[PDB]
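Before any comments, here is the structure.
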Amino acid sequence: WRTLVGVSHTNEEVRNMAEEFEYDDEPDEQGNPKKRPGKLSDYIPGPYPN
Amino acid sequence: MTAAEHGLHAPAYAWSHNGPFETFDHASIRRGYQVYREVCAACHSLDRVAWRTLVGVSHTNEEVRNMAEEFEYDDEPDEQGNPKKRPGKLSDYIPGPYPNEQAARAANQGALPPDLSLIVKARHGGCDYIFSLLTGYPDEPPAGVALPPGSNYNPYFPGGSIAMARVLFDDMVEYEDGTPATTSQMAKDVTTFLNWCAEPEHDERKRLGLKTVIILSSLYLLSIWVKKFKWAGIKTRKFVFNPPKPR
Amino acid sequence: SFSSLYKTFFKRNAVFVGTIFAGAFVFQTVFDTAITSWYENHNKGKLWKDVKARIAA
Amino acid sequence: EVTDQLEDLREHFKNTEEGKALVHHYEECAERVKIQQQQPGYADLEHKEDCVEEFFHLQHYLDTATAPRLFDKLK
Amino acid sequence: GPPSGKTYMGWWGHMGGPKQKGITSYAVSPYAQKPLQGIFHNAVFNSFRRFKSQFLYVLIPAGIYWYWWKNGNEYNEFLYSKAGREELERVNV
Amino acid sequence: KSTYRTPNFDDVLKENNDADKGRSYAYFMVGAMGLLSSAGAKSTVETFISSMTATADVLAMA
Amino acid sequence: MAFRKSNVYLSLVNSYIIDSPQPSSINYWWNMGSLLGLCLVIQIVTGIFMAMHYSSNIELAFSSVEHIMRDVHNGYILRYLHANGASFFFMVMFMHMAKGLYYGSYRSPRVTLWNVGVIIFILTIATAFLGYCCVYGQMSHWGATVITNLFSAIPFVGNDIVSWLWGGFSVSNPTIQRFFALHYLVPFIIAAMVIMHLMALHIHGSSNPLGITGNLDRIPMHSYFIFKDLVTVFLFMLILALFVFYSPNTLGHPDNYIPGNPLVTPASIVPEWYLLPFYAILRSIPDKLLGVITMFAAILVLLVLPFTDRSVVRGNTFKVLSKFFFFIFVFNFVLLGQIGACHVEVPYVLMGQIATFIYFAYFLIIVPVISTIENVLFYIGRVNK
Ligand code: HEC
Ligand code: HEM
Ligand code: HEM
């Protein structure tokens, strides 16, 4: 997501799309899986899991 | 540092594999796997040991296939892309009890149980330290030890305060060959098993060491003889000096 | 018959190095067998064949 | 009926000439430390005596004693 | 090729040593000799001569540093014990 | 002292100086060193090649 | 002329190995250089055959070394050969430098040979450090963290040099991949410097234990020193085979089989044993900048040696005080390594400081004074007046 900043969108414009997608987080204190709203370091996600 | 902060140095027990021509007691590896599967595998992982390496050391091929089938692993996803499980084969690895570190720290008072694949080589003392840590749990800590809640006392752990409770008690494991499972017998067996999991090349390495040491000692003595033979003509030189006439 | 011994084995260097390699082949086989037998005999009862025979009986 | 062989060895070497002296030193320390714990203001002393040293002397003697003899008994 | 600088070693024939007259070398064939001659005499006698001439230079400084290290190790083990905590906090603070 | 008076090598000369005997003795030792060097060189080269051959991790997936 | 003489490449091989005039009186301390060449060949071959299987990511480094120990056929042979052969590389190299220090092989003709050897010593120290960090155990991470956090003491550009070495903000996957790439690259620079070492040795020939000129009685290197080197080569293989097959993890620290964890400090961050004297020279100075300056000056104090040796004869073979103070220096180096293995506690701080002062006073203070005293005593012992 961070490569689009300064090419086709701005910083606060890319952040909204990255927040619209959801990725995997580090698991919580009980070791359960956890999802996280995405950020600029994450990658553009594909439509299919595999 | 203090002696409590170093820990008590573990003494030198006479293992069946100490010594330059010795081998692992493989029945002790079998009994150590029994005490691992029945006691240690509740909290400790074995993420580096495949099932296939157990074959021909402690169990047979059909004997390891049943344990590998008793566990379950992640398969390639099916035609619809759903996640799928699979009964294991020989080529898989021994699975740990917890899916991640945070689950382990949730289950063990915040202290992560280490993976026992290399822990004989990973600690100073080795098998002596593992045996002395497993058996050397005093029923009472010495008077004056401020012990935290949830931390047991063990003088061999560096610092004294270990977060593994004493897990080896008498006759908790019914051995297959009718060996009388005391706590020290079970500790000897798991320590031999964890030393096998650390160094599974141990028997072949000492075998090749005997071959190599014999060949290189013979080559060293032959090379000494060949050196003295080639150098004898120079070594037994004699110089005489009759001083020349002045010009 | 040291003259015959020298003239056969040590006069020609080709026959010399050929005897060296032939002896090295025989030595590798026999010596590896001897170390394997001595190691497995010193460690009797501790190897997997002995543990397997104990399980079988 | 087979009880723990290491505990039997540790009892046998606690009931010896050196071992009774070393448990006398450790029990004397434990008495002194429980007397110090009975005193008021003990939690605000910031230097509290512990008998890890006497327990380490006793346990090191028992380790040097029972180290060579145990693995004979262990099948 | 190009010449290099003035060196203190030539080759076989022009070594760079002085002229020699009168020094005569004698050397018999090793195939007529006994290798391993004198190894038992020189194993116990010549070896004792070499060791006797050259062991004070190696054994006085080794003893000096080993005694220094042993003394420092014993002082450290006394300091981080229970009997020497007063001296520990004194020399630490 | 003349140069034609060769010195005393008598303590290092062997008493019998048969040629085939002494040469068989010298070349048997040189040949034994070459023997064990050939065995060790074979074992070393086969060690490195057998390290390059395959692994158990893929021989299980064979 | 002979074909080994008239050929292009066989003339090099002939004048360096076959026909090379060695002195008659050199002893088995002159076998250490050939042993270092054998050590370097062993390290390069075993390291290539393990780089065929090693994976230099931070998630795959320790597990790939564990794969070499477990899945690669004779892979424990390669791994223990590499680790124990690096330890023996430094054992034989310390013997080589100490031979040059005793017999005075640094002096007036061989000063460039001494400086090229010092360059090889720097490069071998660096190669051992990078390859130790390649394992990514617990000692690799924290040793890399300490010795690359040393460079944050430089006042102007310290953090820039540190974050350029790390490739990030701590020891991580960039740093481990730099360290594997450079640990592959550097031994070929060492092999080039070994060839230059051989050039500088070849222009003037070896010294002998007497120190007097070897130009009179000389012996070809083939068939005499080939077998005199073969004896020690087989002895070196014997001791290395013992240390590889029977006691393979003696010289290593046992903390390295813990996976590399940046959030857990292993309570004694200690490098390999052949870096412990320079680590004690580091820790003796209570400053971060002056400590790394003192460690680099400890390595580069070998270059003051041909200028401070005021002796007129070469080598301590016939010098009582130079013998005694050379062995005070050698066991001071041993005591300094034994200090560096230990914790930063009360007698060890002053012991390492006094031993660092002895380590520097040998090259700058002891050797000129003792050698001038020996010149004057050698004169007045046989001049009658
Ligand atoms: C249940 C919970 C268990 C069981 C059944 C076992 N262990 Fe142990 N273990 C546990 C924890 C929480 C810890 C961490 C302790 C701490 O760091 O405070 C451990 C630790 C070990 C260690 C490491 C000791 C050290 O770091 O010095 C070893 C070697 C160990 N555990 C071995 C072991 C064996 C051999 C067991 C059964 C046969 C075993 N553990 C059971 C938690 C638990
Ligand atoms: C100058 C000679 C060399 C020295 C001194 C040296 C030193 C070291 C050391 C000390 C280690 C750590 C060993 C351990 O504790 O596991 C190591 C590891 C390693 N070295 Fe080298 N090395 C040398 C040459 C090479 C070369 C040229 C390569 C690459 C081809 C190489 C590849 C490796 C690899 C892959 C490791 C990974 C960890 C292991 O398996 O040991 N080495 N090196
Ligand atoms: C990879 C490391 C090295 C290799 C392969 C190497 C190789 C050699 C060889 C083969 C010799 C000739 C044989 C001998 O005299 O011992 C030699 C001589 C020498 N080397 Fe090294 N060397 C290395 C490292 C060093 C180091 C670290 C120093 C010290 C700074 C050094 C200094 C010398 C000196 C002074 C000589 C000449 C000794 C003499 O003959 O009088 N070398 N080297």
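None of the figures in this text is laboratory data; all of them are computed from the coordinates on show. Cβ coordinates were reconstructed from backbone atoms using ideal geometry, including for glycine residues, and neighbour counts include every protein chain displayed.
Could you pull out the trypsin sites (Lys or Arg not before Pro) across the range B:53-116 that fall in loop regions by DSSP (anything but H, G, I, E, B) with no more than 16 other Cβ atoms inside 10 Å?
Within the range B:53-116, the qualifying trypsin sites (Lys or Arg not before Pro) (loop, at most 16 other Cβ atoms within 10 Å) are B:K84, B:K89.
Considering amide H positions built from the backbone, and no H for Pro or chain starts, which residues 5 or more places from F:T55, or on another chain, come under 5 Å of its amide H?
Long-range HN contacts for F:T55: none found.
Give me the dipole magnitude in Debye, nearest 20, for the protein assembly as shown about the Cα centre, with unit charges on the beta carbon: positive for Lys and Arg, negative for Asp and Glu.
8800 debye
Find the relative contact order for the range B:1-132 and round it to a whole percent, using C-alpha pairs within less than 8 Å whose residues are 6+ positions apart.
29 percent
With everything on Cα atoms, drop me the angle between helix F:19-53 and the longest principal axis of chain F, reported from 0 to 90° to the nearest 10.
Taking Cα atoms only, the helix is inclined about 20 degrees.
Run the numbers on the range G:15-168 and let me know its relative contact order in percent, using alpha-carbon pairs under 8 Å that are six or more apart.
Over the range G:15-168, the number comes to 21 percent.
What are the semi-axes of the equivalent ellipsoid of chain D, taken as the square roots of 5 times the eigenvalues of the Cα gyration tensor, listed largest first and rounded to whole Å?
Semi-axes from the Cα gyration tensor: 33, 12, 11 Å.
Output ³J(HN,Hα) for the range B:111-116: one whole-Hz value per residue in order, computed from phi by the Karplus curve 6.51 cos²θ - 1.76 cosθ + 1.60 with θ = phi - 60°, and x for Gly and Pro.
9, 6, x, x, 7, 7
Please work out the Cα center distance from the range G:336-385 to the range B:90-163, rounded to the nearest Å.
First find each Cα centre; the distance between them is then 48 Å.
Project the alpha carbons of the range B:201-247 onto their principal axes and report the range along each, largest first, in whole Å.
Cα extents, longest axis first: 78, 15, 8 Å.
Near G:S108, within a Cβ-to-Cβ distance under 13 Å, what is the net charge of the other residues, with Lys and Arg +1 and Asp and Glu -1?
Neighbour charge sum, excluding G:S108 itself: +3.
In chain B, which whole DSSP H runs stretch at least 24 Å along their own axis (Cα) and average -1.0 or higher on the Kyte-Doolittle scale?
Helices meeting the criterion: B:202-235.
From the convex hull of the Cα coordinates of chain E, what is the mean projected area in square nanometres?
17.7 nm²
Given +1 on the Cβ of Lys and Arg, -1 on the Cβ of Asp and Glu, and no further charges, what dipole in debye does the range G:46-180 carry about its Cα centre, rounded to the nearest 20?
Around 540 debye, computed over the range G:46-180.
How large is ³J(HN,Hα) for each residue in the range G:100-105, as worked out from phi by the Karplus curve 6.51 cos²θ - 1.76 cosθ + 1.60 (θ = phi - 60°), to whole Hz, x for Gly and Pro?
For the range G:100-105, the Karplus curve yields x, 6, 6, 7, x, 7 Hz.
For chain B, what does the helix formula give at 222 nm: sum of -39500 (n - 2.57) over DSSP H segments with n ≥ 4, over the residue count, nearest 500 deg cm²/dmol?
After summing the helix terms and dividing by the residues of chain B, the value is -12000 deg cm²/dmol.
Which one, G:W29, G:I373, G:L303, projects farthest toward the positive side of the charge dipole computed for chain G from Cβ point charges (K/R +1, D/E -1)?
G:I373
According to the Kirkwood expression over distinct Cα-Cα pairs, how big is the hydrodynamic radius of the protein assembly as shown, in Å?
After inverting the mean inverse Cα-Cα distance, the result is 33.6 Å.
Which angle between 0 and 90 degrees, to the nearest 10, do you get for helix E:56-79 versus the longest principal axis of chain E when only C-alpha atoms count?
The angle comes out at about 20 degrees.
What is the fewest-to-most order of G:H222, D:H24 by other Cβ atoms lying within 10 Å of their Cβ?
If I rank by nearby Cβ atoms, fewest first, I get D:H24, G:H222.
Considering amide H positions built from the backbone, and no H for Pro or chain starts, which residues 5 or more places from G:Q22, or on another chain, come under 5 Å of its amide H?
G:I219, G:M221
For chain A, state which trypsin sites (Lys or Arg not before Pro) are in a DSSP loop and have at most 16 other beta carbons lying within 10 Å of their beta carbon.
Of the trypsin sites (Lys or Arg not before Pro), the ones in loops of chain A whose Cβ has at most 16 other Cβ atoms within 10 Å are A:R2, A:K34, A:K39.
Suppose each label sits 7 Å from its Cα in the direction of the beta carbon; what would the B:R86-C:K49 distance come out to in nanometres?
Between B:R86 and C:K49, the simple spin-label model gives 3.6 nm.
Given the C-alpha centroids of the range B:184-247 and the range F:7-29, what is the distance between them in whole angstrom?
27 Å
More than 27 Å apart: what percent of Cα pairs in the range G:239-385 qualify?
More than 27 Å apart: 41 percent of the Cα pairs in the range G:239-385.
To the nearest 20 debye, what is the magnitude of the charge dipole of chain D about its Cα centre, counting +1 on the Cβ of each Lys and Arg and -1 on the Cβ of each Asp and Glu?
With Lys and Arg at +1 and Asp and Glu at -1, about 180 debye.
In whole Å, what are the Cα extents of chain B along the three principal axes, biggest one first?
Result for chain B: principal-axis Cα extents of 105, 63, 43 Å.
Can you list the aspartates and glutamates whose alpha carbon is less than 15 Å from that of C:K11, not counting same-chain residues fewer than 8 positions off?
Straight-line reach from C:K11, under 15 Å: F:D20.
How big is Rg to Rh over the range G:76-192, alpha-carbon atoms, Rh as the Kirkwood inverse-mean-distance radius?
Expressed as Rg/Rh, it is 1.04.
Using Cα-only point scatterers and the Debye equation, what is log10 of I(q)/I(0) for chain G at each q in 0.06, 0.09, 0.14 Å⁻¹, rounded to two decimals?
Result of the Debye calculation: -0.27, -0.60, -1.34.
Nearest 500 deg cm²/dmol is fine: what mean residue ellipticity at 222 nm does chain G get from its DSSP H runs of n ≥ 4 alone, each adding -39,500 (n - 2.57), divided by its residue count?
-20500 deg cm²/dmol
For chain A, find the longest principal axis of its Cα atoms and tell me its angle to the long axis of helix A:11-20, 0 to 90°, nearest 10.
The helix A:11-20 is inclined about 40 degrees to chain A.
Taking chymotrypsin sites (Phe, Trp or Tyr not before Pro) that fall in a DSSP loop and have at most 12 other Cβ atoms within 10 Å as cut points, what is the longest piece of chain E between them?
E:13-54
Can you give the three extents of the C-alpha atoms in the range G:1-154 along their principal axes, from longest to shortest, in whole Å?
Here the Cα extents, ordered largest to smallest, are 59, 43, 27 Å.
Between their Cα atoms, which of E:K34/F:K21; B:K238/E:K6; G:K5/G:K228; B:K230/E:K21 are more than 21 Å away from each other?
Those over the limit are B:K238/E:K6; G:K5/G:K228; B:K230/E:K21.
So which GluC sites (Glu not before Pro) in the range B:144-212 end up in coil per DSSP with only 14 or fewer other C-beta atoms within 10 Å?
B:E174, B:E176
Give a residue-ordered list of calculated ³J(HN,Hα) values for the range B:153-170 (Karplus: 6.51 cos²θ - 1.76 cosθ + 1.60, θ = phi - 60°; whole Hz; x for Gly, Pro).
Result, ordered by residue: 9, 8, x, 8, 5, x, x, x, 9, 9, 9, 8, 6, 5, 10, 9, 10, 5 Hz.
For the range G:25-48 and the range B:1-57, compute the distance between their C-alpha centroids and round to whole Å.
38 Å
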